[PDB]
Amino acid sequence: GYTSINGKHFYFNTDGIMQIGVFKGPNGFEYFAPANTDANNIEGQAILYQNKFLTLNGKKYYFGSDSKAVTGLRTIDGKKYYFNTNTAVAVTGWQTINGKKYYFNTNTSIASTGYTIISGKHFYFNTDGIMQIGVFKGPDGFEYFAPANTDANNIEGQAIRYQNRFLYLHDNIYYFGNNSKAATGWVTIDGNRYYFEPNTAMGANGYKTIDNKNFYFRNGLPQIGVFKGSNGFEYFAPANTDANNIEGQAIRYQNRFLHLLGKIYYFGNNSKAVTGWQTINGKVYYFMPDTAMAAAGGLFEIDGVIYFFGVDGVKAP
């Protein structure tokens, strides 16, 4: 093979016959440049191919900074290239590399990415080209790209007909319609108005504001209780409670109590629930920092010292 004899570059095949072109070595594939090419080089010698682009009667490859034959998955000038990593020809198509199933276009040798329809089956890939298991956006909506053998069992990475049922994956919550596609926005599913991230079908969790109105969701659904906000603790009430709001819609609620489901709170003028020791009506209350829920029903340890409260939360001294 790459056997230098008398200060040259002698390459021989399996039976040992001279070779002409670009052949493999301890450094890599090098061009046996004719005479002359660089610094008066001999015939069939390899020396310098510094930072250019090579072609050999059909095959091609890109060269990098170190003058040596660079190979692998690349992204030069915003352009991705993948020429045979350890050979002169080309390797594309599915390639399970270290657990990750990458795919490479058989035409342009570029790591196909995003919602791509391969062989009549549309998979999904991130910007790194890695196979992204999960629920991602398509021209027709969000398709669940499930593991191997699922719905009328399939292959790992192929969307499946996932109809009229919720997806838990895992903390993430979704819901698919009849069209097998995920739901987005405000969706009454079995009587219950949900809301799904238009950007990721993610059933919304946490504090939210939509069309000038605040809601505190959890698992797609707006929640009913006193939860924290951008301005502190607000009451996210049922529909109709005040100014005919909708369920779990924060509401103006100033200077007054509310008994909500075996918990109790105080709201002030601003319409936020209070926190820490507080004397209302000449009755001492302590409402938890992180809950606003009054301490009641009994013994509570507060700042290292324990207090007994009544069912109504008033500290019995």
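Numbering starts at 1 and follows the sequence shown.
- The mean Cα B-factor in the deposited entry runs higher for 106 to 114 than for the other of 106 to 114 and 154 to 162.
- Between 301 to 309 and 12 to 20, it is 12 to 20 that carries the larger average Cα temperature factor according to the deposited entry.
- The PDB entry assigns the greatest CA B-factor among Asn192, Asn86, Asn199, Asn179 to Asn86.
- If you compare the C-alpha temperature factors of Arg74, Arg218, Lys121, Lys208 in the entry, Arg74 comes out highest.
- When the modelled residues of the chain are ordered by their C-alpha B factor, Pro139 lands in the middle third.
- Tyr174: CA B factor in the middle third of modelled residues in this chain (values from the PDB entry).
- In this PDB entry, the Cα temperature factor of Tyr168 sits in the middle third of its chain's modelled residues.
- Per the deposited record, the Cα B-factor of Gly225 falls in the lowest third when ranked against the other modelled residues of its chain.
- When the modelled residues of the chain are ordered by C-alpha B-factor, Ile133 sits in the middle third.
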